[PDB]
file protein11.pdb (PDB, C-alpha atoms)
MODEL        1
ATOM      1  CA  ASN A   1      -1.660  30.901 -31.432  1.00  0.00           C
ATOM      2  CA  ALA A   2       1.071  30.384 -29.032  1.00  0.00           C
ATOM      3  CA  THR A   3       1.309  32.248 -25.642  1.00  0.00           C
ATOM      4  CA  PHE A   4       5.043  31.515 -25.566  1.00  0.00           C
ATOM      5  CA  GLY A   5       7.686  30.674 -28.100  1.00  0.00           C
ATOM      6  CA  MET A   6      10.917  28.723 -28.064  1.00  0.00           C
ATOM      7  CA  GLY A   7      13.600  30.342 -25.936  1.00  0.00           C
ATOM      8  CA  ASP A   8      11.236  32.459 -23.824  1.00  0.00           C
ATOM      9  CA  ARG A   9      12.325  32.569 -20.164  1.00  0.00           C
ATOM     10  CA  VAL A  10       9.420  31.565 -17.900  1.00  0.00           C
ATOM     11  CA  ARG A  11       8.722  30.528 -14.356  1.00  0.00           C
ATOM     12  CA  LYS A  12       6.063  28.570 -12.554  1.00  0.00           C
ATOM     13  CA  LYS A  13       3.677  30.979 -10.836  1.00  0.00           C
ATOM     14  CA  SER A  14       2.998  29.049  -7.671  1.00  0.00           C
ATOM     15  CA  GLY A  15       3.658  25.870  -5.712  1.00  0.00           C
ATOM     16  CA  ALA A  16       6.822  23.936  -6.568  1.00  0.00           C
ATOM     17  CA  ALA A  17       9.264  26.208  -8.379  1.00  0.00           C
ATOM     18  CA  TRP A  18      10.575  25.897 -11.945  1.00  0.00           C
ATOM     19  CA  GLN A  19      12.366  28.471 -14.123  1.00  0.00           C
ATOM     20  CA  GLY A  20      14.163  28.372 -17.439  1.00  0.00           C
ATOM     21  CA  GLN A  21      13.605  28.425 -21.211  1.00  0.00           C
ATOM     22  CA  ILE A  22      10.740  27.074 -23.348  1.00  0.00           C
ATOM     23  CA  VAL A  23      12.116  24.089 -25.230  1.00  0.00           C
ATOM     24  CA  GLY A  24       8.914  22.483 -26.536  1.00  0.00           C
ATOM     25  CA  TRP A  25       5.218  22.080 -26.464  1.00  0.00           C
ATOM     26  CA  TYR A  26       2.442  19.550 -26.047  1.00  0.00           C
ATOM     27  CA  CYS A  27      -1.283  19.278 -26.330  1.00  0.00           C
ATOM     28  CA  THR A  28      -3.806  16.947 -24.589  1.00  0.00           C
ATOM     29  CA  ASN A  29      -7.522  17.253 -23.711  1.00  0.00           C
ATOM     30  CA  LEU A  30      -6.558  18.038 -20.114  1.00  0.00           C
ATOM     31  CA  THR A  31      -3.876  20.494 -21.208  1.00  0.00           C
ATOM     32  CA  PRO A  32      -4.690  21.854 -24.673  1.00  0.00           C
ATOM     33  CA  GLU A  33      -1.751  24.296 -24.509  1.00  0.00           C
ATOM     34  CA  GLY A  34       1.336  22.996 -22.672  1.00  0.00           C
ATOM     35  CA  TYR A  35       5.045  23.741 -22.729  1.00  0.00           C
ATOM     36  CA  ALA A  36       8.317  21.997 -21.980  1.00  0.00           C
ATOM     37  CA  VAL A  37      10.741  24.131 -19.950  1.00  0.00           C
ATOM     38  CA  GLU A  38      14.392  23.365 -19.416  1.00  0.00           C
ATOM     39  CA  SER A  39      15.642  24.427 -15.989  1.00  0.00           C
ATOM     40  CA  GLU A  40      18.194  27.211 -16.029  1.00  0.00           C
ATOM     41  CA  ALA A  41      19.548  25.908 -12.710  1.00  0.00           C
ATOM     42  CA  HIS A  42      19.762  22.195 -13.600  1.00  0.00           C
ATOM     43  CA  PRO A  43      20.908  21.920 -17.195  1.00  0.00           C
ATOM     44  CA  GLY A  44      19.207  19.056 -19.140  1.00  0.00           C
ATOM     45  CA  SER A  45      16.289  18.791 -16.669  1.00  0.00           C
ATOM     46  CA  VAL A  46      12.952  19.476 -18.352  1.00  0.00           C
ATOM     47  CA  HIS A  47       9.447  19.705 -16.955  1.00  0.00           C
ATOM     48  CA  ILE A  48       6.183  20.074 -18.884  1.00  0.00           C
ATOM     49  CA  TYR A  49       3.379  22.375 -17.642  1.00  0.00           C
ATOM     50  CA  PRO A  50       0.086  23.809 -18.763  1.00  0.00           C
ATOM     51  CA  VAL A  51       0.309  27.434 -19.986  1.00  0.00           C
ATOM     52  CA  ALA A  52      -1.748  28.666 -17.043  1.00  0.00           C
ATOM     53  CA  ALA A  53       0.983  27.494 -14.646  1.00  0.00           C
ATOM     54  CA  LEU A  54       3.682  29.641 -16.249  1.00  0.00           C
ATOM     55  CA  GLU A  55       4.537  33.290 -16.735  1.00  0.00           C
ATOM     56  CA  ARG A  56       7.171  34.971 -18.884  1.00  0.00           C
ATOM     57  CA  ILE A  57       9.974  36.860 -17.100  1.00  0.00           C
ATOM     58  CA  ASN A  58      12.825  38.961 -18.392  1.00  0.00           C
TER      59      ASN A  58
ATOM     60  CA  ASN B   1      12.748  15.788 -39.885  1.00  0.00           C
ATOM     61  CA  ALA B   2      10.627  14.143 -37.379  1.00  0.00           C
ATOM     62  CA  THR B   3      10.923  10.386 -36.474  1.00  0.00           C
ATOM     63  CA  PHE B   4       7.367  10.489 -35.122  1.00  0.00           C
ATOM     64  CA  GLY B   5       4.346  12.667 -35.621  1.00  0.00           C
ATOM     65  CA  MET B   6       1.382  13.673 -33.512  1.00  0.00           C
ATOM     66  CA  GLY B   7      -0.941  10.780 -32.750  1.00  0.00           C
ATOM     67  CA  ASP B   8       1.605   8.018 -33.399  1.00  0.00           C
ATOM     68  CA  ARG B   9       1.286   5.178 -30.865  1.00  0.00           C
ATOM     69  CA  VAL B  10       4.673   4.473 -29.251  1.00  0.00           C
ATOM     70  CA  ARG B  11       6.176   2.657 -26.324  1.00  0.00           C
ATOM     71  CA  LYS B  12       9.315   2.915 -24.266  1.00  0.00           C
ATOM     72  CA  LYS B  13      11.775   0.243 -25.390  1.00  0.00           C
ATOM     73  CA  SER B  14      13.262  -0.691 -22.056  1.00  0.00           C
ATOM     74  CA  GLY B  15      13.310  -0.021 -18.324  1.00  0.00           C
ATOM     75  CA  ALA B  16      10.226   1.630 -16.823  1.00  0.00           C
ATOM     76  CA  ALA B  17       7.268   1.186 -19.160  1.00  0.00           C
ATOM     77  CA  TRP B  18       5.286   3.876 -20.993  1.00  0.00           C
ATOM     78  CA  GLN B  19       2.860   3.554 -23.923  1.00  0.00           C
ATOM     79  CA  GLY B  20       0.436   5.874 -25.648  1.00  0.00           C
ATOM     80  CA  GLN B  21       0.199   8.637 -28.266  1.00  0.00           C
ATOM     81  CA  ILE B  22       2.673  11.372 -29.266  1.00  0.00           C
ATOM     82  CA  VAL B  23       1.216  14.645 -28.037  1.00  0.00           C
ATOM     83  CA  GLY B  24       4.213  16.976 -28.379  1.00  0.00           C
ATOM     84  CA  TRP B  25       7.867  17.533 -28.798  1.00  0.00           C
ATOM     85  CA  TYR B  26      10.886  19.198 -27.253  1.00  0.00           C
ATOM     86  CA  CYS B  27      14.483  19.926 -28.005  1.00  0.00           C
ATOM     87  CA  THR B  28      17.511  20.468 -25.688  1.00  0.00           C
ATOM     88  CA  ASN B  29      21.284  19.958 -26.101  1.00  0.00           C
ATOM     89  CA  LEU B  30      21.014  16.716 -24.126  1.00  0.00           C
ATOM     90  CA  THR B  31      17.952  15.604 -26.078  1.00  0.00           C
ATOM     91  CA  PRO B  32      17.910  17.279 -29.500  1.00  0.00           C
ATOM     92  CA  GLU B  33      14.858  15.235 -30.568  1.00  0.00           C
ATOM     93  CA  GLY B  34      12.346  14.499 -27.786  1.00  0.00           C
ATOM     94  CA  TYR B  35       8.653  13.699 -27.604  1.00  0.00           C
ATOM     95  CA  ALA B  36       5.776  14.040 -25.171  1.00  0.00           C
ATOM     96  CA  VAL B  37       3.638  10.893 -24.902  1.00  0.00           C
ATOM     97  CA  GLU B  38       0.260  10.693 -23.244  1.00  0.00           C
ATOM     98  CA  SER B  39      -0.350   7.362 -21.522  1.00  0.00           C
ATOM     99  CA  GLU B  40      -3.097   5.269 -23.052  1.00  0.00           C
ATOM    100  CA  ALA B  41      -3.616   3.613 -19.657  1.00  0.00           C
ATOM    101  CA  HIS B  42      -3.671   6.762 -17.487  1.00  0.00           C
ATOM    102  CA  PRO B  43      -5.502   9.465 -19.400  1.00  0.00           C
ATOM    103  CA  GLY B  44      -3.985  12.981 -18.933  1.00  0.00           C
ATOM    104  CA  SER B  45      -0.609  11.624 -17.726  1.00  0.00           C
ATOM    105  CA  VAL B  46       2.234  12.688 -20.011  1.00  0.00           C
ATOM    106  CA  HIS B  47       5.916  11.832 -19.986  1.00  0.00           C
ATOM    107  CA  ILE B  48       8.666  13.283 -22.186  1.00  0.00           C
ATOM    108  CA  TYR B  49      11.446  11.070 -23.628  1.00  0.00           C
ATOM    109  CA  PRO B  50      14.294  11.213 -26.082  1.00  0.00           C
ATOM    110  CA  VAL B  51      13.497   9.622 -29.476  1.00  0.00           C
ATOM    111  CA  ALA B  52      15.995   6.828 -28.875  1.00  0.00           C
ATOM    112  CA  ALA B  53      13.932   5.629 -25.893  1.00  0.00           C
ATOM    113  CA  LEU B  54      10.778   5.096 -27.950  1.00  0.00           C
ATOM    114  CA  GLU B  55       9.515   2.895 -30.750  1.00  0.00           C
ATOM    115  CA  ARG B  56       6.354   3.082 -32.838  1.00  0.00           C
ATOM    116  CA  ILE B  57       3.818   0.245 -32.473  1.00  0.00           C
ATOM    117  CA  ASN B  58       0.584  -0.498 -34.261  1.00  0.00           C
TER     118      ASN B  58
ATOM    119  CA  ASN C   1       1.110   8.395  11.344  1.00  0.00           C
ATOM    120  CA  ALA C   2       0.834   7.198   7.884  1.00  0.00           C
ATOM    121  CA  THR C   3      -2.424   7.442   5.799  1.00  0.00           C
ATOM    122  CA  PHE C   4      -1.125   4.662   3.548  1.00  0.00           C
ATOM    123  CA  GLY C   5       1.399   1.895   3.849  1.00  0.00           C
ATOM    124  CA  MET C   6       3.636   0.028   1.451  1.00  0.00           C
ATOM    125  CA  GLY C   7       1.710  -2.118  -1.004  1.00  0.00           C
ATOM    126  CA  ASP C   8      -1.606  -0.270  -0.662  1.00  0.00           C
ATOM    127  CA  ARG C   9      -3.375   0.094  -4.028  1.00  0.00           C
ATOM    128  CA  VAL C  10      -4.272   3.753  -4.650  1.00  0.00           C
ATOM    129  CA  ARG C  11      -5.372   6.045  -7.416  1.00  0.00           C
ATOM    130  CA  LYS C  12      -5.187   9.731  -8.150  1.00  0.00           C
ATOM    131  CA  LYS C  13      -8.548  11.333  -7.385  1.00  0.00           C
ATOM    132  CA  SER C  14      -8.704  13.846 -10.189  1.00  0.00           C
ATOM    133  CA  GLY C  15      -6.935  15.330 -13.197  1.00  0.00           C
ATOM    134  CA  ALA C  16      -4.264  13.190 -14.862  1.00  0.00           C
ATOM    135  CA  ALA C  17      -4.749   9.552 -13.897  1.00  0.00           C
ATOM    136  CA  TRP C  18      -2.394   7.303 -11.915  1.00  0.00           C
ATOM    137  CA  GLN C  19      -3.067   3.950 -10.220  1.00  0.00           C
ATOM    138  CA  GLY C  20      -0.924   1.297  -8.607  1.00  0.00           C
ATOM    139  CA  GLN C  21       0.870   0.381  -5.369  1.00  0.00           C
ATOM    140  CA  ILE C  22       2.543   2.564  -2.716  1.00  0.00           C
ATOM    141  CA  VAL C  23       6.272   1.985  -3.040  1.00  0.00           C
ATOM    142  CA  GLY C  24       7.662   4.856  -0.951  1.00  0.00           C
ATOM    143  CA  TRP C  25       7.242   8.133   0.756  1.00  0.00           C
ATOM    144  CA  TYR C  26       8.596  11.655   0.953  1.00  0.00           C
ATOM    145  CA  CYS C  27       8.244  14.774   2.997  1.00  0.00           C
ATOM    146  CA  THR C  28       8.798  18.480   2.107  1.00  0.00           C
ATOM    147  CA  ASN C  29       7.367  21.768   3.453  1.00  0.00           C
ATOM    148  CA  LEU C  30       5.042  21.932   0.444  1.00  0.00           C
ATOM    149  CA  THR C  31       4.082  18.275   0.794  1.00  0.00           C
ATOM    150  CA  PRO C  32       4.577  17.137   4.397  1.00  0.00           C
ATOM    151  CA  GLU C  33       3.027  13.724   3.632  1.00  0.00           C
ATOM    152  CA  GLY C  34       3.764  12.355   0.143  1.00  0.00           C
ATOM    153  CA  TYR C  35       3.895   8.930  -1.459  1.00  0.00           C
ATOM    154  CA  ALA C  36       5.599   7.199  -4.358  1.00  0.00           C
ATOM    155  CA  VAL C  37       3.244   5.017  -6.417  1.00  0.00           C
ATOM    156  CA  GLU C  38       4.317   2.485  -8.994  1.00  0.00           C
ATOM    157  CA  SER C  39       1.907   2.234 -11.918  1.00  0.00           C
ATOM    158  CA  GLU C  40       0.102  -1.073 -12.202  1.00  0.00           C
ATOM    159  CA  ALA C  41      -0.261  -0.461 -15.948  1.00  0.00           C
ATOM    160  CA  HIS C  42       3.337   0.591 -16.706  1.00  0.00           C
ATOM    161  CA  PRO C  43       5.644  -1.546 -14.603  1.00  0.00           C
ATOM    162  CA  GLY C  44       8.707   0.368 -13.246  1.00  0.00           C
ATOM    163  CA  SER C  45       7.084   3.803 -13.755  1.00  0.00           C
ATOM    164  CA  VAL C  46       6.732   5.693 -10.479  1.00  0.00           C
ATOM    165  CA  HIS C  47       5.137   9.025  -9.672  1.00  0.00           C
ATOM    166  CA  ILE C  48       5.190  10.898  -6.355  1.00  0.00           C
ATOM    167  CA  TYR C  49       2.083  12.723  -5.043  1.00  0.00           C
ATOM    168  CA  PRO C  50       0.826  14.467  -1.956  1.00  0.00           C
ATOM    169  CA  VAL C  51      -1.523  12.326   0.185  1.00  0.00           C
ATOM    170  CA  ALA C  52      -4.471  14.587  -0.595  1.00  0.00           C
ATOM    171  CA  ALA C  53      -4.199  13.662  -4.290  1.00  0.00           C
ATOM    172  CA  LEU C  54      -4.636   9.937  -3.664  1.00  0.00           C
ATOM    173  CA  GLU C  55      -7.263   7.525  -2.413  1.00  0.00           C
ATOM    174  CA  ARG C  56      -7.042   3.851  -1.497  1.00  0.00           C
ATOM    175  CA  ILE C  57      -8.993   1.367  -3.649  1.00  0.00           C
ATOM    176  CA  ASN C  58      -9.524  -2.354  -3.360  1.00  0.00           C
TER     177      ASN C  58
ATOM    178  CA  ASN D   1      20.883  -0.356   5.028  1.00  0.00           C
ATOM    179  CA  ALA D   2      20.549   3.003   3.583  1.00  0.00           C
ATOM    180  CA  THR D   3      23.273   4.652   1.373  1.00  0.00           C
ATOM    181  CA  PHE D   4      21.797   8.062   2.196  1.00  0.00           C
ATOM    182  CA  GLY D   5      19.650   9.492   4.928  1.00  0.00           C
ATOM    183  CA  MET D   6      17.145  12.304   5.181  1.00  0.00           C
ATOM    184  CA  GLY D   7      18.712  15.724   4.746  1.00  0.00           C
ATOM    185  CA  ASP D   8      21.847  14.521   2.941  1.00  0.00           C
ATOM    186  CA  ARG D   9      22.845  16.887   0.113  1.00  0.00           C
ATOM    187  CA  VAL D  10      23.260  14.938  -3.144  1.00  0.00           C
ATOM    188  CA  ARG D  11      23.556  15.497  -6.848  1.00  0.00           C
ATOM    189  CA  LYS D  12      22.890  13.513  -9.974  1.00  0.00           C
ATOM    190  CA  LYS D  13      26.177  12.173 -11.333  1.00  0.00           C
ATOM    191  CA  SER D  14      25.524  12.524 -15.028  1.00  0.00           C
ATOM    192  CA  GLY D  15      23.049  13.549 -17.711  1.00  0.00           C
ATOM    193  CA  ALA D  16      20.297  15.972 -16.690  1.00  0.00           C
ATOM    194  CA  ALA D  17      21.298  17.783 -13.508  1.00  0.00           C
ATOM    195  CA  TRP D  18      19.614  17.652 -10.091  1.00  0.00           C
ATOM    196  CA  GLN D  19      20.923  18.754  -6.678  1.00  0.00           C
ATOM    197  CA  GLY D  20      19.406  19.185  -3.251  1.00  0.00           C
ATOM    198  CA  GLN D  21      18.407  17.285  -0.099  1.00  0.00           C
ATOM    199  CA  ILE D  22      17.124  13.718   0.387  1.00  0.00           C
ATOM    200  CA  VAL D  23      13.476  14.010   1.364  1.00  0.00           C
ATOM    201  CA  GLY D  24      12.291  10.413   0.922  1.00  0.00           C
ATOM    202  CA  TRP D  25      12.755   6.982  -0.437  1.00  0.00           C
ATOM    203  CA  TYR D  26      11.156   4.325  -2.597  1.00  0.00           C
ATOM    204  CA  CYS D  27      11.637   0.750  -3.606  1.00  0.00           C
ATOM    205  CA  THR D  28      10.579  -1.167  -6.774  1.00  0.00           C
ATOM    206  CA  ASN D  29      11.952  -4.250  -8.585  1.00  0.00           C
ATOM    207  CA  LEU D  30      13.583  -1.958 -11.148  1.00  0.00           C
ATOM    208  CA  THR D  31      14.923   0.356  -8.452  1.00  0.00           C
ATOM    209  CA  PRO D  32      15.284  -1.541  -5.167  1.00  0.00           C
ATOM    210  CA  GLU D  33      16.946   1.473  -3.499  1.00  0.00           C
ATOM    211  CA  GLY D  34      15.635   4.878  -4.629  1.00  0.00           C
ATOM    212  CA  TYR D  35      15.489   8.358  -3.152  1.00  0.00           C
ATOM    213  CA  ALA D  36      13.389  11.492  -3.435  1.00  0.00           C
ATOM    214  CA  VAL D  37      15.458  14.687  -3.674  1.00  0.00           C
ATOM    215  CA  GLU D  38      14.112  18.185  -3.291  1.00  0.00           C
ATOM    216  CA  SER D  39      15.882  20.705  -5.515  1.00  0.00           C
ATOM    217  CA  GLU D  40      17.883  23.320  -3.662  1.00  0.00           C
ATOM    218  CA  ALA D  41      17.411  25.668  -6.629  1.00  0.00           C
ATOM    219  CA  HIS D  42      13.654  25.180  -7.151  1.00  0.00           C
ATOM    220  CA  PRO D  43      12.031  24.889  -3.746  1.00  0.00           C
ATOM    221  CA  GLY D  44       9.152  22.324  -3.625  1.00  0.00           C
ATOM    222  CA  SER D  45      10.317  20.510  -6.794  1.00  0.00           C
ATOM    223  CA  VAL D  46      11.163  16.871  -6.103  1.00  0.00           C
ATOM    224  CA  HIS D  47      12.581  14.166  -8.332  1.00  0.00           C
ATOM    225  CA  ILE D  48      13.042  10.473  -7.519  1.00  0.00           C
ATOM    226  CA  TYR D  49      16.173   8.559  -8.631  1.00  0.00           C
ATOM    227  CA  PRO D  50      17.875   5.240  -8.143  1.00  0.00           C
ATOM    228  CA  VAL D  51      20.799   5.346  -5.667  1.00  0.00           C
ATOM    229  CA  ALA D  52      23.305   4.647  -8.431  1.00  0.00           C
ATOM    230  CA  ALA D  53      22.365   7.942 -10.115  1.00  0.00           C
ATOM    231  CA  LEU D  54      23.257  10.054  -7.081  1.00  0.00           C
ATOM    232  CA  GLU D  55      26.292  11.018  -5.046  1.00  0.00           C
ATOM    233  CA  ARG D  56      26.598  12.824  -1.725  1.00  0.00           C
ATOM    234  CA  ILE D  57      28.282  16.256  -1.723  1.00  0.00           C
ATOM    235  CA  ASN D  58      29.196  18.619   1.069  1.00  0.00           C
TER     236      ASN D  58
ENDMDL
END
call {"tool": "encode", "arguments": {"input": "protein11.pdb", "output": "structure tokens"}}
result
Amino acid sequence: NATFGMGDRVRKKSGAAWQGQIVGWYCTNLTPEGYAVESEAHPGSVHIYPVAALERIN
Amino acid sequence: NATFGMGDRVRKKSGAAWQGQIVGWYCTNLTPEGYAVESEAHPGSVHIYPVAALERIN
Amino acid sequence: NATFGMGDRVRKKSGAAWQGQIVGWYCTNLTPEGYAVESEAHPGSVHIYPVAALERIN
Amino acid sequence: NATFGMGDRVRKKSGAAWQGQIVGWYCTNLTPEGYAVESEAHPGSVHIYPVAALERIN
């Protein structure tokens, strides 16, 4: 039901930047569809974001 | 292959504290088995950790 | 010029929760007045937020 | 008493990567000397770390 899948390259749409691959997912009441994204610039660094904060890029 | 599953209550074993439910998972080369945990004290706040940093509690 | 000072007890006003003492500060173009807050529930755990996200409590 | 000052360029020494400018500081019992660092790769993104995790670079 997934907007993204593992390995998709995405970026944060606005505010503080973040860009890299989907490496996981999470689900809470506040964020029913969330993803973990490993930075392509800082290997090993991972942030989690709601789907609405991210967009897929080539 | 999962050490934990969704909804398990866990806590960080040492250093900065964290405690609440598993709400997701992630996988990188640095952390091949990682989990997202929603704080039971601060609803909506989620941290991600490697499995070795966490332990299941009742 | 500080809205808060070290040791003030504050909480996040909305969205994911966070509550505890001011333990530091930071400044970027996106967040020209930001604070570090140590959770009173999870000792050692610290989040940083823009001033507009926080409010002082007793 | 500061190891680093505002604007110093630093990087994380090991594990997950992080690199950019010092933009703040914090102090807790677990981390009596900590810094906020804004990523030079992801503008607006800031992480906090203990001094021992960081090193100054040119």
call {"tool": "resolve_selection", "arguments": {"input": "protein11.pdb", "expression": "the PyMOL selection byres ((chain C and resi 8) around 6)", "output": "MDAnalysis selection string"}}
result
chainID C and resid 5:7 9 21:22
call {"tool": "resolve_selection", "arguments": {"input": "protein11.pdb", "expression": "the PyMOL selection byres ((chain D and resi 11-20) around 8)", "output": "list in words"}}
result
residues 42, 43, 44 and 45 of chain A; 30 of chain B; 9, 10, 21, 22, 37, 38, 39, 40, 41, 53, 54, 55, 56 and 57 of chain D
call {"tool": "residues_around", "arguments": {"input": "protein11.pdb", "residues": "residue C:26", "least_positions_apart": "4", "cutoff": "7 Å", "atoms": "only C-alpha atoms", "output": "MDAnalysis selection string"}}
result
(chainID C and resid 33:35) or (chainID D and resid 23:25 36)
call {"tool": "calpha_fit_and_write", "arguments": {"input": "protein11.pdb", "fixed": "chain B", "moving": "chain D", "output": "PDB file with C-alpha atoms, in the frame of the given file"}}
result
ATOM      1  CA  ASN D   1      12.748  15.788 -39.885  1.00  0.00           C
ATOM      2  CA  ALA D   2      10.628  14.143 -37.379  1.00  0.00           C
ATOM      3  CA  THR D   3      10.923  10.386 -36.474  1.00  0.00           C
ATOM      4  CA  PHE D   4       7.367  10.489 -35.122  1.00  0.00           C
ATOM      5  CA  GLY D   5       4.346  12.667 -35.621  1.00  0.00           C
ATOM      6  CA  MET D   6       1.382  13.673 -33.512  1.00  0.00           C
ATOM      7  CA  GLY D   7      -0.940  10.781 -32.750  1.00  0.00           C
ATOM      8  CA  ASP D   8       1.605   8.018 -33.399  1.00  0.00           C
ATOM      9  CA  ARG D   9       1.286   5.178 -30.865  1.00  0.00           C
ATOM     10  CA  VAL D  10       4.673   4.472 -29.251  1.00  0.00           C
ATOM     11  CA  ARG D  11       6.177   2.657 -26.324  1.00  0.00           C
ATOM     12  CA  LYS D  12       9.315   2.915 -24.266  1.00  0.00           C
ATOM     13  CA  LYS D  13      11.774   0.243 -25.390  1.00  0.00           C
ATOM     14  CA  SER D  14      13.262  -0.690 -22.056  1.00  0.00           C
ATOM     15  CA  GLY D  15      13.310  -0.021 -18.324  1.00  0.00           C
ATOM     16  CA  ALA D  16      10.226   1.630 -16.824  1.00  0.00           C
ATOM     17  CA  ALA D  17       7.268   1.185 -19.160  1.00  0.00           C
ATOM     18  CA  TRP D  18       5.286   3.876 -20.993  1.00  0.00           C
ATOM     19  CA  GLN D  19       2.860   3.554 -23.923  1.00  0.00           C
ATOM     20  CA  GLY D  20       0.436   5.874 -25.648  1.00  0.00           C
ATOM     21  CA  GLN D  21       0.199   8.637 -28.266  1.00  0.00           C
ATOM     22  CA  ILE D  22       2.674  11.372 -29.266  1.00  0.00           C
ATOM     23  CA  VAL D  23       1.216  14.645 -28.037  1.00  0.00           C
ATOM     24  CA  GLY D  24       4.213  16.976 -28.378  1.00  0.00           C
ATOM     25  CA  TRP D  25       7.867  17.533 -28.798  1.00  0.00           C
ATOM     26  CA  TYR D  26      10.886  19.198 -27.252  1.00  0.00           C
ATOM     27  CA  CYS D  27      14.483  19.926 -28.005  1.00  0.00           C
ATOM     28  CA  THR D  28      17.511  20.468 -25.688  1.00  0.00           C
ATOM     29  CA  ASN D  29      21.284  19.958 -26.101  1.00  0.00           C
ATOM     30  CA  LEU D  30      21.013  16.716 -24.126  1.00  0.00           C
ATOM     31  CA  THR D  31      17.952  15.604 -26.078  1.00  0.00           C
ATOM     32  CA  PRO D  32      17.909  17.279 -29.500  1.00  0.00           C
ATOM     33  CA  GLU D  33      14.858  15.235 -30.568  1.00  0.00           C
ATOM     34  CA  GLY D  34      12.346  14.499 -27.786  1.00  0.00           C
ATOM     35  CA  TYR D  35       8.653  13.699 -27.604  1.00  0.00           C
ATOM     36  CA  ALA D  36       5.776  14.040 -25.171  1.00  0.00           C
ATOM     37  CA  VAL D  37       3.637  10.893 -24.902  1.00  0.00           C
ATOM     38  CA  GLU D  38       0.260  10.693 -23.244  1.00  0.00           C
ATOM     39  CA  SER D  39      -0.349   7.363 -21.522  1.00  0.00           C
ATOM     40  CA  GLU D  40      -3.097   5.269 -23.052  1.00  0.00           C
ATOM     41  CA  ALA D  41      -3.616   3.613 -19.657  1.00  0.00           C
ATOM     42  CA  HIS D  42      -3.671   6.762 -17.488  1.00  0.00           C
ATOM     43  CA  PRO D  43      -5.502   9.464 -19.400  1.00  0.00           C
ATOM     44  CA  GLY D  44      -3.985  12.981 -18.933  1.00  0.00           C
ATOM     45  CA  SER D  45      -0.610  11.625 -17.726  1.00  0.00           C
ATOM     46  CA  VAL D  46       2.233  12.688 -20.011  1.00  0.00           C
ATOM     47  CA  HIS D  47       5.916  11.832 -19.986  1.00  0.00           C
ATOM     48  CA  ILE D  48       8.666  13.283 -22.186  1.00  0.00           C
ATOM     49  CA  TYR D  49      11.446  11.070 -23.628  1.00  0.00           C
ATOM     50  CA  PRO D  50      14.294  11.213 -26.082  1.00  0.00           C
ATOM     51  CA  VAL D  51      13.497   9.622 -29.477  1.00  0.00           C
ATOM     52  CA  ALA D  52      15.994   6.828 -28.875  1.00  0.00           C
ATOM     53  CA  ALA D  53      13.932   5.629 -25.894  1.00  0.00           C
ATOM     54  CA  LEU D  54      10.778   5.096 -27.950  1.00  0.00           C
ATOM     55  CA  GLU D  55       9.515   2.895 -30.751  1.00  0.00           C
ATOM     56  CA  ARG D  56       6.354   3.082 -32.838  1.00  0.00           C
ATOM     57  CA  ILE D  57       3.818   0.245 -32.472  1.00  0.00           C
ATOM     58  CA  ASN D  58       0.584  -0.498 -34.261  1.00  0.00           C
TER      59      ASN D  58
END
call {"tool": "atom_distance", "arguments": {"input": "protein11.pdb", "atom1": "atom CA of residue C:51", "atom2": "atom CA of residue C:27"}}
result
10.5 Å
call {"tool": "closest_residue", "arguments": {"input": "protein11.pdb", "among": "D:52, D:1, D:29, D:47", "to": "chain B", "atoms": "all atoms listed in the file"}}
result
D:29
call {"tool": "atom_distance", "arguments": {"input": "protein11.pdb", "atom1": "atom CA of residue C:4", "atom2": "atom CA of residue D:50"}}
result
22.3 Å
call {"tool": "atom_distance", "arguments": {"input": "protein11.pdb", "atom1": "atom CA of residue A:28", "atom2": "atom CA of residue B:32"}}
result
22.3 Å
call {"tool": "axis_aligned_box", "arguments": {"input": "protein11.pdb", "around": "stretch 11-26 of chain C", "padding_each_side": "5 Å", "output": "AutoDock Vina command-line options"}}
result
--center_x -0.1 --center_y 7.9 --center_z -7.0 --size_x 27.3 --size_y 24.9 --size_z 25.8
call {"tool": "build_atoms", "arguments": {"input": "protein11.pdb", "residues": "stretch 13-18 of chain B", "atoms": "N, CA, C and O atoms", "output": "PDB file, in the frame of the given file"}}
result
ATOM      1  N   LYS B  13      11.146   1.512 -25.048  1.00  0.00           N
ATOM      2  CA  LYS B  13      11.775   0.243 -25.390  1.00  0.00           C
ATOM      3  C   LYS B  13      12.281  -0.530 -24.182  1.00  0.00           C
ATOM      4  O   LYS B  13      12.350  -1.766 -24.262  1.00  0.00           O
ATOM      5  N   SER B  14      12.721   0.107 -23.125  1.00  0.00           N
ATOM      6  CA  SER B  14      13.262  -0.691 -22.056  1.00  0.00           C
ATOM      7  C   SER B  14      13.148   0.038 -20.751  1.00  0.00           C
ATOM      8  O   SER B  14      12.817   1.217 -20.729  1.00  0.00           O
ATOM      9  N   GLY B  15      13.382  -0.636 -19.644  1.00  0.00           N
ATOM     10  CA  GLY B  15      13.310  -0.021 -18.324  1.00  0.00           C
ATOM     11  C   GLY B  15      11.855   0.239 -17.971  1.00  0.00           C
ATOM     12  O   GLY B  15      10.934  -0.524 -18.336  1.00  0.00           O
ATOM     13  N   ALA B  16      11.603   1.308 -17.224  1.00  0.00           N
ATOM     14  CA  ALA B  16      10.226   1.630 -16.823  1.00  0.00           C
ATOM     15  C   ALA B  16       9.344   1.740 -18.055  1.00  0.00           C
ATOM     16  O   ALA B  16       9.735   2.337 -19.080  1.00  0.00           O
ATOM     17  N   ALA B  17       8.135   1.181 -17.995  1.00  0.00           N
ATOM     18  CA  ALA B  17       7.268   1.186 -19.160  1.00  0.00           C
ATOM     19  C   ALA B  17       6.513   2.498 -19.378  1.00  0.00           C
ATOM     20  O   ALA B  17       6.249   3.270 -18.467  1.00  0.00           O
ATOM     21  N   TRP B  18       6.135   2.735 -20.633  1.00  0.00           N
ATOM     22  CA  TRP B  18       5.286   3.876 -20.993  1.00  0.00           C
ATOM     23  C   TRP B  18       4.722   3.612 -22.384  1.00  0.00           C
ATOM     24  O   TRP B  18       5.432   3.083 -23.232  1.00  0.00           O
TER      25      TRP B  18
END
